[PDB]
Amino acid sequence: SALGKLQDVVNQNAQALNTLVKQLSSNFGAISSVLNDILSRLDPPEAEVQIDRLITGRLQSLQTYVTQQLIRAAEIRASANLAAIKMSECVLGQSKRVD
Amino acid sequence: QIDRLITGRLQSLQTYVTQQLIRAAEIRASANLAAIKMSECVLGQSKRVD
Amino acid sequence: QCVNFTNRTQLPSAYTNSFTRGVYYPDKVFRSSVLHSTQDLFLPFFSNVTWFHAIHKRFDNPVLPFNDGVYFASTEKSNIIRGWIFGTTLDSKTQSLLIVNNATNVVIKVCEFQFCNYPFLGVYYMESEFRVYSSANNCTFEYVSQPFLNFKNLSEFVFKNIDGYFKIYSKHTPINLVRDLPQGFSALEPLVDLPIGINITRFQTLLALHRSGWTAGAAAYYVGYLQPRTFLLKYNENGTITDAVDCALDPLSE
Amino acid sequence: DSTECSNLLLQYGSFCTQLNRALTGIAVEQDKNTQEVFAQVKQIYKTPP
Amino acid sequence: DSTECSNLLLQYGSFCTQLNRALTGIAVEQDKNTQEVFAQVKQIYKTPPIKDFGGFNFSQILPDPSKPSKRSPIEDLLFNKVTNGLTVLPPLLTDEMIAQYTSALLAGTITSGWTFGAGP
Amino acid sequence: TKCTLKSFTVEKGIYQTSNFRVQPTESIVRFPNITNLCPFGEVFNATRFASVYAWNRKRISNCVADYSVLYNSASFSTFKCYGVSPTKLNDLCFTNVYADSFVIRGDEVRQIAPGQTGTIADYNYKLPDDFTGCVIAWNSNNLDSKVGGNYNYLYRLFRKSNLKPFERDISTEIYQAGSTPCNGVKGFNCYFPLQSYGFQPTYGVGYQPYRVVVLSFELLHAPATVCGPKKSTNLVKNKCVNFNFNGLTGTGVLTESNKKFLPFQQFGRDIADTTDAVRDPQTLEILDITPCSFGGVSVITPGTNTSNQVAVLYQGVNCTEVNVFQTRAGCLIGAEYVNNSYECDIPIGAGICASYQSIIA
Ligand SMILES: *[C@@H]1O[C@H](CO)[C@@H](O[C@@H]2O[C@H](CO)[C@@H](O)[C@H](O)[C@H]2NC(C)=O)[C@H](O)[C@H]1NC(C)=O
Ligand SMILES: *[C@@H]1O[C@H](CO)[C@@H](O[C@@H]2O[C@H](CO)[C@@H](O)[C@H](O)[C@H]2NC(C)=O)[C@H](O)[C@H]1NC(C)=O
Ligand SMILES: *[C@@H]1O[C@H](CO)[C@@H](O)[C@H](O)[C@H]1NC(C)=O
Ligand SMILES: *[C@@H]1O[C@H](CO)[C@@H](O)[C@H](O)[C@H]1NC(C)=O
Ligand SMILES: *[C@@H]1O[C@H](CO)[C@@H](O)[C@H](O)[C@H]1NC(C)=O
Ligand SMILES: *[C@@H]1O[C@H](CO)[C@@H](O)[C@H](O)[C@H]1NC(C)=O
Ligand SMILES: *[C@@H]1O[C@H](CO)[C@@H](O)[C@H](O)[C@H]1NC(C)=O
Ligand SMILES: *[C@@H]1O[C@H](CO)[C@@H](O)[C@H](O)[C@H]1NC(C)=O
Ligand SMILES: *[C@@H]1O[C@H](CO)[C@@H](O)[C@H](O)[C@H]1NC(C)=O
C-alpha cells in the first residue's frame, strides 16, 4: 500500500470508464438498450420516442462522466502544481519550510 | 407519472452531488492550506511575508 | 398396471447441508478470468437439503412440491435412479412431463399420462418391468437422446421452468465418500432446454426395483429448492466456474 | 418504500451507486482533511504543572 | 452507426462539441502538468563516469546501464509495483524521457547542488 | 480545420477536426448446419394414401422443415397457400406442422379451402375459416387407378350435421334419412354412408384421382421449434463485416482465436459485457471479434501566414487501414520522419513532435 495514491487515481479512472461503458446496457425506460432491436421491432413514430429516451439517458450519463472527469482533472492539476512546487523548492534548492 | 418524478428527483440529486463535490474541492483546498499553515507557522518560524 | 408397495419401514426423511453445491452456468456465454454477478434462481449456500434413502427396507417415493425449481442430487452406484415425473395434478386432467433413462436411451415425452400412485421400473436378476402410467392420450413433445447417466457416482441435476422453457442442468462427479455430500465446488453444465410449455407444481422420483418380493438397491438422493438470489461467479483462464459467492448469505460474502 | 418506483428506477442503471460513491468519497475526504490538519504529532505533549 | 439516432441527436445542438472540447482540455492539461513537474531544466546533465562522491552511494537512484529502460532500481521497482467510441491518447512525454528528465535533475543536484536551478 | 475552428486563419498547432470509421463492407450471416430434416418423404412419397374420410394426420415436430423443395417441384398441380405466403415459409418458424393426406376427385380439390361448400367440406374434411397453411394436390392416375376399377378409396356421402373443422368421422353406422329406424339393414330410406370412387385410368381430368396433402401451421404459446432452414454466407475473416451468428448481430473484424471454449458455450464477453469472442455454428471454431477501427482525425499545420501544407494524424489507427509513417499515437500522413532531434514545435504524442522547415516529424 505504499503506492496507493497512484493506484487510486488509476482505479478511479478505470472505474469511471467501466461505468460509462456499462451505462450503455441500460434502456432508461425504453423497451431495449439496443438501437438495432428498436429500429427492427417498431415503426418510426414510436421508435423515435424510444431512441429519444436512449439518447437522453446516454447524454445524461456522458455529461455526468465529463463532470466528474473535470473535477478529477482539477484535483490532479492541484496535485501537479504542488508537485512542481516541491520539485522547485526541495530538489532544486534547500527549503526552510517546516514539513 | 412515476418516471417523471424519478427523472426530476434524479436530476435534483445529481445537481446536489455536483455542488457537493465542488464545495468538497474548495474545503479540501482550504484544509490543505490550513495544514501548510499548521506545519509552517505553528511547528516552525516562517520567513514567508504575510 | 400399478403395484402398491406394502413392505416399507417407517422412518422420517433426513436433512443435511447443501455446502456450496447447486451452482449452474446461468447462460451460454464464455467468460474468462472475470468475476460476474448474476441474479437468477439459485440454490442457497449451506441450506437445509432434504435427504432420502434407498436401502434394505427403505423406498422413498413421496409427493414433493416443485416450487420455482428443484435441485436433485444423487449419490448413486449400480444405476437404480431412472427418471422423473413433472406435472400439476399427475393425471389425465392436466398435461405432464415424463423423463426416463432405460437401458438404451433417454426419452422425454409430454403427454396426459394417467400415472400410477407408485410409478416404478424393474430389473430382473435385464429390464423387464415398467409400471409408470396406464394411458397416454394427447402427446405434444417427444425427445429421444443419449443416456445421461460405497457410492461411486454423484449426479447433480437442476430443473427449472421459466417462460415455457424447461432447463435441465447436469454434472457427473467421481466421488469416494461413503455417506454424505462431499464438501467442494462443481459448477453444473447445462444439459438440455426443452420447449414443453406446461405448468409444473409437483414432481416424482422414479426408481428401479431389483428382483431375484422386491429388493431396493443402495442409493441416496437429495432434494433442494431454488430461490431468486444473486451469485458472484469466478471464471478462470479456461472459462470454468471455479468458485462462487452467495450475495445474501452472510455480511462477509455480501 | 414504493416497489414499482424502485423497479422503474432500476432501468436507469448505476446512477445511485455513482452518487453514493461520490458522497462516500467526500465523507472520507473530510476525515482525511481533519487528520492532515490536526494529527501532525504522534506524541501527546503536556505543559508542566 | 445508426443514422436515425444521429439525426435525432442533432436536435439537441452542440452538447457533443462541449463534451469533446472539455475532454480535449483535460487531455492537454495532463501534458501541461507533466511539463510543469518534470521539464524544469533545459540542460540534460550527466553524472561523471567515476562515482567518487566522498563515500555517498547513489546507485539506487541513478539510472542502471544494464537495464534497457535506463531507469533507476527504485524507479524500476515503482514501475513494476504499479499495475464504443472511447480512445486513450498516449502521453506526450514517454516514460523513458521522463526518466531522463529525472536523471538530469539528479545529476544536476549531485554534481552542482542548487546552482543549476538558479543559473549555470 | 478552418471549418472546425470557425476561422479563415489557422494558428500553428495540431487540431482534432474529425473522426475516421472503417466502414463495414460485407454481411456474414452464419446460422447452424442443416441437419435433422423433417420427414416429408414419408408423407408425399408414400406408397399408399388414405381415403378422404379416414384421412391420415401426421404431427411433425422438433426438426427442420425445408419448404423450398416442395415449392420448386414441378410434380404438383395445386400449391395453394391460405393465410401465409410460400416465400416466407422457409424463414418463419412454427410450433407444430399437421400433415393431412387423402385422395379426392379432380373437381373436389376446390372444396378444400376456407369458406367453401360441397360434400367433401360438409361430410368428409372441413377446413376452418381462420386456416393458416397450404393445400398441395397432384394427379395420381398412374398409381391410384386400375383397369378393373380401384374401389379402395371411399367418401362419406351423408351425415345428420356438417363436420367441425379438422374432424375425422370413421363411423360405419347406417344413415337414417327417414322416420323409420334402419335397424342395421340398408333398406328403404336407409343408405350406407361410405361410397367408393371407382377410379379407372380412362377417366376425365375432373374425375381422375388427386392426392392432397394439407399442411396446417399453427402458432401456440409454447416456443416454436419447427423452423425453416437458414443459409450460410461464406465466412470472411480479417475484414470489418456485419456478422449475424445465431441471432447475435454486430459489426466487427472476425479473426482466429486461441480461446478454448467449453462445448456448451457459444459467445464470449469481456469485463465490460461486450461480445469479443464467438463460436461459428457451421464449423466449431472460435473467432475473436475485434471492433472496427475508429479514430480521431487531427490536422497538423503551421500558420496559414507561413504555409498551407498540412499533415493528418489518425489516432490509434494502423497505417494499413487508411509520406506515410507509423507512430505509437497513430498513423501520420503527409510528414516524413527525420532521425535528427529538435525542440518540440507541434506536439504529436509518444515523444513525436512535428515542425515546419516541408513538414517533418
Ligand atoms: C395403490 O395405493 C393408492 C393409494 O392407497 C391407490 O390409489 C387410490 O385408488 C382408489 C381407487 O379405489 C381411490 O379411491 C383413492 O382415492 C386412491 N388414493 C390415492 C392416494 O390416489 C391405488 O389405486 C393403489 N394401486 C392399486 C393398483 O390398487
Ligand atoms: C554502492 O551500493 C551498491 C548497492 O548497494 C553496491 O553494489 C553492490 O556491490 C557488491 C560488491 O561488488 C555486490 O556484491 C552487490 O551485489 C552490489 N549490489 C547491487 C544492488 O548491485 C556498490 O558496490 C556500492 N558502491 C559503489 C562505489 O557503487
Ligand atoms: C432442517 O430442517 C429440519 C426440519 O425441517 C430441522 O429439524 C433441522 O434442524 C434443519 N437443519 C438445519 C441445519 O437447519
Ligand atoms: C427404452 O425406451 C424406448 C422408448 O420407449 C424403447 O424404444 C426402447 O426399446 C427401450 N429400451 C429397453 C431396453 O427397454
Ligand atoms: C385430450 O384427450 C381427450 C380424450 O383422450 C380429448 O377429449 C381432448 O380433446 C384432448 N385434448 C387435446 C387438446 O388434444
Ligand atoms: C399452475 O398451477 C398452480 C396450481 O395448480 C396454479 O396456482 C397456477 O396459477 C398455475 N399457473 C398457470 C400459469 O396456469
Ligand atoms: C487451463 O488449461 C491449461 C491447458 O490449456 C492447463 O495447463 C491449466 O492448468 C488450466 N488451468 C486451470 C485453472 O484449470
Ligand atoms: C417424391 O417423389 C418425387 C417424384 O419421384 C421426387 O421428385 C421427390 O424428390 C420425392 N421426395 C419429396 C420429398 O418430394
Ligand atoms: C457442417 O457441414 C459441413 C458440410 O457442409 C461439414 O463439413 C462440417 O463438418 C459440419 N459441421 C458440423 C459441426 O457438423
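- Structure determination for this entry is recorded as cryo-EM, at 2.64 Å resolution.

What about the pattern of salt bridges?
Next, step 1: A complete count under the given rule lists 30 salt bridges over all chains for this structure.
Next, step 2: The partner of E189 of chain C in a salt bridge is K171 of chain C, with the nearest N and O atoms 2.4 Å apart. Of this pair, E189 of chain C sits in strand β14 (residues 189-194) while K171 of chain C is found in strand β13 (residues 165-174), placing the two residues 18 residues apart along the sequence.
Next, step 3: Residues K259 of chain F and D288 of chain F are paired through a salt bridge, measuring 4.0 Å at the closest nitrogen-oxygen approach. Taken as a pair, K259 of chain F in the loop between β15 (248-256) and β16 (267-269) and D288 of chain F in strand β18 (residues 286-290) lie far apart in primary sequence, 29 residues in all.
Next, step 4: Here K259 of chain F falls in the partly exposed class, since its relative accessible area comes to 27%.

Topic: the state of the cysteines
Next, step 1: For the structure shown, the criterion picks out nine disulfides over all chains.
Next, step 2: Between the sulfur atoms of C344 of chain F and its disulfide partner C353 of chain F the distance amounts to 2.0 Å. Between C344 of chain F and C353 of chain F the disulfide shows an S-S torsion of about -90 degrees. By sign, it is left-handed.
Next, step 3: Here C344 of chain F falls in the partly exposed class, since its relative accessible area comes to 41%.
Next, step 4: For chain C, numbering the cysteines in disulfides from first to last along the sequence yields the connectivity 1-3, 2-4.
Next, step 5: For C247 of chain C, which is in no disulfide, the shortest distance to another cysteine sulfur is to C16 of chain D and amounts to 17 Å.
Next, step 6: Relative accessible area serves as the criterion here: at 32%, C247 of chain C is assigned to the partly exposed category.
Next, step 7: Summary of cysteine pairing: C5 of chain D is not part of a disulfide, and the nearest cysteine sulfur, belonging to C16 of chain D, is at 9.8 Å.

Quick look at the packing of helix α1 (residues 2-42) of chain B against helix α2 (residues 15-38) of chain D
Next, step 1: Between α1 of chain B and α2 of chain D, whose axes approach to 10 Å, the crossing angle comes to 15 degrees. In terms of orientation, α1 of chain B and α2 of chain D fall into the roughly parallel class. Crossing of α1 of chain B against α2 of chain D: the hand is left-handed.
Next, step 2: The residue makeup of the contact of α1 of chain B with α2 of chain D, split by class, is 16 nonpolar, five polar and three charged.

Examining helix α4 (residues 95-111) of chain E
Residue and element names in this part refer to chain E.
Next, step 1: With 17 residues, α4 should cover 24 Å at 1.5 Å per step; its first-to-last C-alpha distance of 24 Å lies within 8% of that length.
Next, step 2: For α4, the set of buried residues is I98, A99, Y101, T102, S103, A104, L105, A107 and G108.
Next, step 3: Once α4 ends, the next one or two residues include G113, with phi positive near 70 degrees.

Comments concerning a nonpolar patch on the surface
Next, step 1: A cluster of nonpolar side chains, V42 and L43 of chain B together with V41 and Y45 of chain D, forms an exposed patch at the surface whose accessible area comes to about 430 Å².
Next, step 2: For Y45 of chain D, the location among the structural elements is in the segment after α2.
Next, step 3: For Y45 of chain D, a relative accessible area of 67% gives the class exposed.

Regarding the sheet that holds strand β18 (residues 241-246) of chain C
Hydrogen bonding along the main chain pairs the strands of a sheet, whether they run parallel or antiparallel.
All names here are of chain C.
Next, step 1: Across the sheet, which stays open at both edges, the three strands sit in the order β3-β17-β18 with antiparallel pairing between neighbours. Of all strands in the sheet, those with a lone pairing partner are β3 (34-42) and β18, marking the two edges. The average undirected angle you get between the axes of adjacent strands in this sheet is 30 degrees.
Next, step 2: Here strand β17 (residues 227-235) pairs with β18 via five bridges, running antiparallel. Bridge pairing in β18 places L233 opposite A244.

Section: unusual backbone geometry
Next, step 1: Here the phi dihedral of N67 of chain C falls at roughly 60 degrees; this positive angle occurs in a residue that is not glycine.
Next, step 2: Although it is not a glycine, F166 of chain F adopts a positive phi angle of roughly 55 degrees.
Next, step 3: Looking at the element boundaries, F166 of chain F is found in the loop between β8 (154-156) and β9 (175-176).
Next, step 4: Judged by relative accessible area, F166 of chain F falls into the partly exposed class, the value being 26%.

A look at the packing of helix α3 (residues 44-91) of chain A against helix α2 (residues 15-38) of chain E
Next, step 1: Where α3 of chain A contacts α2 of chain E, the two axes come as close as 10 Å, and the packing angle between them is 15 degrees. Here α3 of chain A lies roughly parallel to α2 of chain E, going by the angle between them. Relative to α2 of chain E, the crossing made by α3 of chain A is left-handed.
Next, step 2: A breakdown of the residues in the contact of α3 of chain A with α2 of chain E according to their chemical character gives 16 nonpolar, five polar and three charged.

Brief notes about the packing of aromatic side chains
Next, step 1: Inspection of the entire model under this criterion finds 57 aromatic pairs over all chains.
Next, step 2: Where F113 of chain C meets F115 of chain C, the ring centres are 5.2 Å apart and the plane angle is 35 degrees; that geometry is what we call tilted.
Next, step 3: Ring-pair connections join several aromatic residues into one group, and the members of that group are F52, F66, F72, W84, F86, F157, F159, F166, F203 and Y221 of chain C.
Next, step 4: Here the basic side chain of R168 of chain F rests over the ring of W55 of chain F, its NZ or CZ set 4.1 Å away from the ring centre.

Analysis parameters
Residues numbered from 1 in each chain as written, not as in the entry; some residues may be left out. Chains lettered and ligands numbered in written order. Part of a larger assembly, values for the part shown. Heavy atoms only, no water. Salt bridge = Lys/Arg side-chain N within 4 Å of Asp/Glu carboxyl O. Helix = DSSP H or I, 4+ residues; strand = E, 2+ residues; numbered from the N terminus. Buried < 20%, exposed > 50% of the residue type's maximum accessible area, 1.4 Å probe, protein only. Disulfide = S-S within 2.5 Å. Axes fitted to C-alpha atoms, helices over the stretch in contact; angles between N-to-C directions. Parallel < 35°, antiparallel > 145°, perpendicular 65-115°, else oblique. Left-handed = near helix turned anticlockwise from the far one by under 90°. Nonpolar A, V, L, I, M, F, W, Y, C, P; charged D, E, K, R; others polar. Expected span 1.5 Å × (residues − 1). Patch = residues over 30% accessible without salt bridge, like charges linked within 9 Å, V, L, I, M, F, W, Y side chains within 5 Å. Areas by Shrake-Rupley, 256 points an atom, 1.4 Å probe, with all protein chains shown as cover. Pairing = 2+ DSSP bridges. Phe/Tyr/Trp six-rings, centres within 6.5 Å; stacked < 30°, edge-to-face > 60°. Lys NZ or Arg CZ within 6 Å of the ring centre and 35° of its normal.

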